[PDB]
Each structure stands twice: as structure tokens, then as C-alpha cells.
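Sequence lines, in order, name chains B and C. In terms of the authors' numbering, the first sequence is residues 544 to 693, 711. Take any residue in the second sequence, note its place counting from 1, add 711, and you have its number in the authors' numbering. See below for the structure under consideration.
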Amino acid sequence: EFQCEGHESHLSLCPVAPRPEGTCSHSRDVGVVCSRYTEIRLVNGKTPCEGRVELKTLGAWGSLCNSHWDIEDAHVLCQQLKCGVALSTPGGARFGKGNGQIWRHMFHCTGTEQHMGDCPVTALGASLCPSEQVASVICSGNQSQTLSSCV
Amino acid sequence: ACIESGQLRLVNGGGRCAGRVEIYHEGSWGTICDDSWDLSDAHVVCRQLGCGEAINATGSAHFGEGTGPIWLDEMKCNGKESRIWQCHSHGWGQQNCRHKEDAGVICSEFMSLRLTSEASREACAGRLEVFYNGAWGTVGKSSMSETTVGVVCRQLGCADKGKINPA
Ligand SMILES: [Ca+2]
Ligand SMILES: [Ca+2]
Ligand SMILES: [Ca+2]
């Protein structure tokens with residue numbers, strides 16, 4: 544039986560109180576649900592640090608919209624990709640063409656967060672995305688650049 | 712010829728044989744968990760202190776919370792032993808019960824004196840009852856000196872002096 548205090552960096556640093564031998568049946572095993580719940584991949588990109596941004600939900604792949612897309616969302620996406628923050632945001636569809644079904648999700652992120660799933664997401668009721676307005680990213684590729692408060 | 716270690720020190724009971732139990736092992740005073748506390752388990756603890764047999768065995772430390780660390784857990788015993796440590800133990804030092812689960816035991820003789828009338832369970836005039844072997848009984852009439860009554864009143868906390876009423 545675990546007795547973690549809550550601020551442990553790892554589970555191995557936890558006081559364990561071992562009961563004597565004896566177990567419950569396999570039907571009573573437990574499962575946890577962390578809050579990351581979002582997968583983002585770069586598709587149709589010539590180099591790994593840039594690509595068309597897609598997110599998968601309801602068992603389908605679709606591209607994000609440039610509508611209500613700003614620079615810091617590209618920045619935090621780069622941080623998750625570990626390519627280093629986006630030096631510049633590409634405009635239009637210079638390398639993203641496909642997946643006619645377009646998810647209307649728009650991401651409101653400050654950029655301080657390290658993983659793009661962390662920043663809050665609101666998508667219910669969003670207006671239809673115009674065609675060719677699929678979002679993208681051009682990360683630095685330096686891996687040596689970090690975000691700083693206020711190029 | 713030693714005070715020795717591990718003596719079952721009984722405290723908070725108000726007598727020589729009552730209250731919670733404490734054990735001084737590895738240089739540390741500690742209480743006893745009430746997990747599966749058994750009356751047959753209470754027989755040995757009473758015998759070690761020379762009190763006698765056991766009347767009641769009480770859990771949750773209603774006699775009193777024990778500040779010390781919990782030492783033994785889930786103790787069961789055959790009930791016929793002289794050394795308390797030689798009882799069927801689930802390990803040592805490790806407990807699944809916290810404080811407020813400490814054990815309490817009442818031994819063969821924990822004598823209590825009360826002054827009883829019909830109206831009041833405890834009053835300052837009435838009959839004299841003595842507690843022995845988990846029972847209540849009247850006290851003798853013959854050969855009662857004035858000092859004998861003087862002690863009874865002082866212990867009961869009613870008055871400095873007292874008198875025998877014939878009625
Ligand atoms: Ca208990
Ligand atoms: Ca027992
Ligand atoms: Ca236990």
C-alpha cells in the first residue's frame with residue numbers, strides 16, 4: 544500500500560506500507576486518468592521541425608485552422624516537439640494540403656506552459672473554418688533557444 | 712535483581728491493575744494496538760503483573776490515548792504464558808492501526824469504593840460498596856473504629872470526618 548505525501552517527483556520516493564501476503568482478485572485492479580488527453584503531430588512537412596498541424600479526436604485525423612491562431616501556440620507546440628520555439632509562423636497553406644475534414648478547435652495559450660495540451664482549449668460552437676486556412680508551424684530547430692519574458 | 716525491560720506498566724486506571732498497557736522495549740515506552748484484541752490475550756498481561764485473571768479487555772484506548780509509538784500489532788496468544796513477548800505476533804514494530812486504537816485491560820482486582828443511596832448513584836451518605844473481581848458488595852459492620860470511618864470519607868472526598876449512622 545502506497546502512502547505518498549503528494550509532492551513526490553517519482554513514485555519510487557514513496558513510503559510503502561507492505562501488508563502481509565494476500566491479494567484481491569484481478570477484477571479489482573485500478574486505472575488512473577491524467578489530463579493530457581491530446582495528441583498533436585506534424586504532417587506533410589519537409590523537415591521534422593516543421594509540418595502541418597493535426598490533432599486526432601473521435602478516431603479521426605484533421606487539420607487545425609489558422610483562424611484565431613497566434614504565434615505563442617506555435618511556440619508551445621515547438622517546445623513539445625523539442626525543436627525550439629518557432630522562429631516565424633508560416634502563413635497560408637505553403638505545405639499543408641489535405642484532410643478535407645477540418646477540426647474547428649482554437650487554442651488559447653499564454654506560452655508559459657511546456658506542453659500544448661496543458662493550455663486551456665475551447666472548441667464548442669466555434670464557427671466554420673475557411674478553406675486553405677490550415678495552421679502550421681516553423682520551429683527553430685536550434686534546440687538551444689528558450690522562451691523569455693518581454711525577438 | 713533488576714528493574715528489567717519490557718515491564719507492562721499500567722497507567723491511567725487509578726489502581727495497580729487497570730488502564731492502558733505500556734511496554735519499554737529497545738529503550739522506548741509504547742502502547743499496544745487493539746487489532747484482534749482477545750480476552751484470552753488479556754489473561755497473560757494480568758498474570759505478568761501478578762494481578763490475577765482478567766475480567767474485561769477494552770479497545771480504542773478508552774482508558775486513555777497513548778502518546779508513545781505503537782509497538783505491537785494484531786497480537787493473539789494462547790493465554791497461558793509468563794512472558795508477554797512470547798505471544799503469536801504478526802511481526803514486530805509495524806502496525807496497520809494508528810493511535811486511538813491502543814489497548815486497555817482490567818485485571819482481577821481493581822477495587823473501587825462508592826457511597827450509594829437509592830436516589831443517587833454517588834452521594835455523600837449511604838451504603839459502602841467495594842469492587843472486587845468485577846462485582847459489587849457490601850462491607851462488614853463489626854469492629855469499625857472512628858479512624859476506619861475517617862479514612863473512608865477522606866478517600867470518597869465528602870468530608871474530613873464522618874460518623875456511622877445506626878439506621
Ligand atoms: Ca481496530
Ligand atoms: Ca488475539
Ligand atoms: Ca492491522
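No residue lacks a Cβ here, since even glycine has one placed at the ideal position from N, Cα and C.
Under a three-way DSSP split, which group does residue 794 of chain C fall into?
coil
Rounded to whole angstroms, what's the CA-CA distance from residue 683 of chain B to residue 623 of chain B? Just pull it up for me.
13 Å
Return helix, strand or coil for residue 592 of chain B, following the three-state DSSP convention.
coil
Among residues of its own chain, excluding the 5 on either side of residue 758 of chain C, which ones have a beta-carbon nearer than 6 Å to its beta-carbon?
none
Please state whether the Cβ-Cβ distance between residue 755 of chain C and residue 732 of chain C is less than 8 Å.
no
Check each residue's C-beta against every heavy atom of ligand 1 and list, in chain order, those closer than 6 Å.
C/745, C/746, C/808 and C/812
How long is the line joining the alpha carbons of residue 764 of chain C and residue 730 of chain C, rounded to whole angstroms?
15 Å
Element boundaries [beta strand (DSSP E), containing residue 818 of chain C]:
815-818
Per-residue DSSP class, three states only, for residue 750 of chain C
helix
Have a look at C/839, C/827, C/784 and C/788 and flag the residue whose alpha-carbon is nearest the alpha-carbon of residue 812 of chain C.
C/784
Residues near residue 664 of chain B by beta carbon distance below 6 Å, same chain, minus five either side
650
DSSP state of residue 863 of chain C mapped onto helix, strand, coil
helix
Touch test, the segment 596-606 of chain B against the segment 640-660 of chain B, Cβ-Cβ under 8 Å, three pairs minimum:
yes
Cβ-heavy atom distance, residue 752 of chain C to ligand 3, below 7 Å:
no
Can the beta-carbon of residue 596 of chain B be found closer than 8 Å to that of residue 688 of chain B?
no
With distances taken from CA atoms, which of B/578, B/691, B/610 and B/581 is nearest residue 634 of chain B?
B/610
Contact set for residue 748 of chain C: own chain, Cβ-Cβ below 6 Å, skip 5 residues either direction
768, 770 and 814
The beta strand (DSSP E) with residue 733 of chain C in it runs from where to where?
731-736
Measuring only the C-alpha atoms, how far is residue 752 of chain C from residue 762 of chain C?
15 Å
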